[PDB]
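Undergrad: Sequence, then the experimental structure. Questions to follow.
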Protein chains: 2
Amino acid sequence: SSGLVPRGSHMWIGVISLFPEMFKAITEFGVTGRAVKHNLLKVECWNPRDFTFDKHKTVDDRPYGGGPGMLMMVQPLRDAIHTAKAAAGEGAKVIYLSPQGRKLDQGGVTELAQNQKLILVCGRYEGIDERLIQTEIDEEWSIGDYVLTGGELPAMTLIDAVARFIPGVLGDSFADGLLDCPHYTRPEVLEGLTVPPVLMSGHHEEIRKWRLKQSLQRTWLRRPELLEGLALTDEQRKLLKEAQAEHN
Amino acid sequence: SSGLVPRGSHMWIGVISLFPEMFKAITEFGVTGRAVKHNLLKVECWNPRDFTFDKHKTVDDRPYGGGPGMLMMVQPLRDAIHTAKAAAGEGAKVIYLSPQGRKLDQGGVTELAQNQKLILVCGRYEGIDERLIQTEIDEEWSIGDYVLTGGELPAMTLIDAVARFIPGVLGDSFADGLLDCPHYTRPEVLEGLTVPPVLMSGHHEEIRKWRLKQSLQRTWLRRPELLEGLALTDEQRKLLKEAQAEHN
Ligand SMILES: NCc1ccc(Cn2ccc3cc(C(N)=O)cnc32)cc1
Ligand SMILES: NCc1ccc(Cn2ccc3cc(C(N)=O)cnc32)cc1
């Protein structure tokens, strides 16, 4: 592999999925597409269908104890995992995406971004055998408290979020642990609604302060619990107090 | 439109995205692919690139007040939105995906699933003008407290999660508000690890109770805060107490 782009901190991400072609949504488009093309980011997929030996290529199996749903068939999933780890070498941490996992947040994205090598195991049906979690999975993660039709979109979300921490991928994110300020672009006036004059002012320091005050007001009004995790700066305590006083 | 599949509660979801081909990950594969093919689910995309008039088809614009990033250019995004609403008719609620939004959870998925018609607006760059949120967006939602390279994966996650609530899409999800029990499938013994005998027992009622006890133990050990939102049943208080006593 070759090219001119500093790829010092490049990431390799293996994927186990019955729907590998879904990952085209991240590998062929936009910033993540650029990361793949410039060898900042490598996503390599294995399909458990390819690790079957029966005529029909069965990748699901019946739960012990009855139930409504299927699970991922152990042998083809176990084999796909073992092939991904052999390709990867020492180091590669294996992640199972599931709703039973550690809740992903940006802090967790930056821990996950320290790994040079991830293997993301995508579950379909009602999930995978507990013994494979025990013996093959380093960490279980959720992207959030909702149920989806498989692990692919969780895995794609994880990939995109860690890719942003790869130096060179971007061309800030929960700046200061707060929600973002309002943004404006052209035109000056839109449906009789105008851009805050301060943003037209040219004064970078009065603009820094307006954005920070707005972030604090917006975190306060919508996600108060996010303030509780922060030791606010003296400036931040002052702008928050002010925004609260202009509310009342 | 035609076919034999009861589509009583069918959903129509408009999408505004500069990368419409990303939505192929949900419309051409698996359960969501089946929903689209059987007319349970319709995803229709508009690209703001198509609503440009300049030679180069500019879809980004400079923030007022300076900054590192671009925003979505207002005119082509505003026009794409207005075309999606005209196609949709009365009713269609417009959603902006962003980290500043209401946090998605399964409860929120079932509120969102009541709409027969959604329009999902996907932001790229540092986001969209505040005046369009004011005048075009009914609701702002986050899939979680992490920053991504655009709204597409959030929008795809939202679509997949609401699709599951469309009668006929599936072939339970935070059953009882708890994490899932362990599952097992073949083989009986795997790396010297065996399936809980109870799951082999045939006794449906002793199995119901083991799964529920395990859900409560697993919610307790990993997501205690999820218990606080619940009024547990008498049976649930009893199985939780027992699991806590077998821990200590
Ligand atoms: N038996 C219950 C059941 C669990 C999981 C699924 C699908 N699914 C797979 C991986 C994953 C992650 C998430 C998330 N929140 O990360 C959600 N759904 C997921 C379906 C049924
Ligand atoms: N200026 C800050 C900034 C905000 C948003 C993005 C990308 N992005 C668009 C929509 C969206 C939803 C989420 C989520 N959590 O739903 C995350 N990122 C998203 C990039 C920078």
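TA: Perfect, I can see it now. Residues are numbered from 1 along each chain as shown, chains lettered A, B, ... in the order given. Ligands and ions are numbered 1, 2, ... in the order given.

Undergrad: element containing residue A:84?
TA: Element membership of residue A:84, judged by DSSP states H and E, is helix A:74-88.

Undergrad: ok, which residues in chain A are in contact with ligand 1?
TA: A:97-99, A:123, A:126-127, A:142-144, A:146-148, A:150-151, A:154 (C-beta under 6 Å from any ligand atom). In short, each C-beta sits where N, CA and C put it, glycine included.

Undergrad: Show me chain A divided up by domain.
TA: A:11-164, A:176-247 (curated CATH domains).

Undergrad: still on that earlier bit, may I see the buried residues of the helix holding residue A:84?
TA: Neighbour counts over helix A:74-88 (16 or more other C-beta atoms under 10 Å in any protein chain shown) mark A:74-81, A:83-85, A:88 as buried.

Undergrad: Which elements pack onto the helix or strand following that helix?
TA: Where DSSP H and E defines the elements, the next helix or strand beyond helix A:74-88 is strand A:93-103. Counting contacts by 3 or more C-beta pairs under 8 Å, 6 or more residues apart in numbering or on different chains; DSSP states H and E, strand A:93-103 packs against strand A:117-121, strand A:139-142, helix A:152-163.

Undergrad: As CSV, could you dump the C-alpha coordinates of strand A:93-103?
TA: Listed next in CSV are the C-alpha coordinates belonging to strand A:93-103 (Å, rounded to 0.1, in the frame of the first residue of the first chain):
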residue,chain,number,x,y,z
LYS,A,93,-10.0,-5.9,19.9
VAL,A,94,-13.3,-7.6,19.0
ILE,A,95,-16.6,-5.6,19.5
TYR,A,96,-20.1,-7.0,19.5
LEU,A,97,-22.7,-4.3,18.8
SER,A,98,-25.9,-4.9,20.8
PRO,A,99,-28.5,-3.1,22.9
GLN,A,100,-27.0,-5.0,26.0
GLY,A,101,-23.7,-3.2,25.5
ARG,A,102,-21.9,-0.2,26.9
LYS,A,103,-23.7,2.9,25.7
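
Undergrad: Residues touching it, excluding its own?
TA: For strand A:93-103, contacts defined as C-beta atoms under 8 Å, 6 or more residues apart in numbering or on different chains pick out A:81, A:85, A:108, A:112, A:115, A:117-123, A:127-128, A:133, A:136-147, A:151, A:154-155, A:158, B:144, B:174, B:179-180, B:218, B:222-223.

Undergrad: Would you list the buried entries among the residues you listed?
TA: Burial by neighbour count, judged by 16+ other C-beta under 10 Å, picks out A:81, A:85, A:108, A:112, A:115, A:117-123, A:127-128, A:133, A:136-137, A:140-147, A:151, A:154-155, A:158, B:144, B:174, B:179-180, B:218, B:223 from the contacts of strand A:93-103.

Undergrad: Report how many residues lie close to residue A:26.
TA: Residue A:26: 28 surrounding residues under other C-beta atoms under 10 Å in any protein chain shown.

Undergrad: so the residue lying closest to it once chain neighbours are set aside is in which element?
TA: With sequence-adjacent residues excluded and distances taken as C-beta to C-beta, 6 or more residues apart in numbering or on different chains, residue A:26 is closest to residue A:32, at 4.3 Å. For residue A:32, the element it lies in under DSSP H and E is helix A:30-37.

Undergrad: can you map out the helices along chain A?
TA: A:24-27, A:30-37, A:74-88, A:106-112, A:130-136, A:152-163, A:197-200, A:204-222, A:224-228, A:234-247 (DSSP state H).

Undergrad: Residue A:46 contacts residue A:18, doesn't it?
TA: No: the pair residue A:46 / residue A:18 is not scored as a contact, 10.2 Å apart, by C-beta atoms under 8 Å.

Undergrad: Can you add distance to residue B:191 and give the helices of chain A back as a markdown table?
TA: Shown next, in a markdown table, are those (distance: least, C-beta to C-beta, whole Å):
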| stretch | distance to residue B:191 |
| --- | --- |
| helix A:24-27 | 33 |
| helix A:30-37 | 35 |
| helix A:74-88 | 9 |
| helix A:106-112 | 27 |
| helix A:130-136 | 5 |
| helix A:152-163 | 25 |
| helix A:197-200 | 61 |
| helix A:204-222 | 48 |
| helix A:224-228 | 42 |
| helix A:234-247 | 52 |
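
Undergrad: The residue nearest to residue A:26 against residue A:24, yeah?
TA: No: contact criterion C-beta under 8 Å: residue A:32 and residue A:24 do not qualify, at 10.6 Å.

Undergrad: out of these two, which sits in the busier spot?
TA: Legend: neighbour count by other C-beta under 10 Å for residue A:32 and residue A:24, higher for residue A:32 (28 against 16).

Undergrad: how close does the more buried one sit to residue B:56?
TA: Distance, residue A:32 to residue B:56, using C-beta to C-beta, to the nearest Å: 23 Å.

Undergrad: How about residue A:203?
TA: For residue A:203, the distance to residue B:56 equals 32 Å [C-beta to C-beta].
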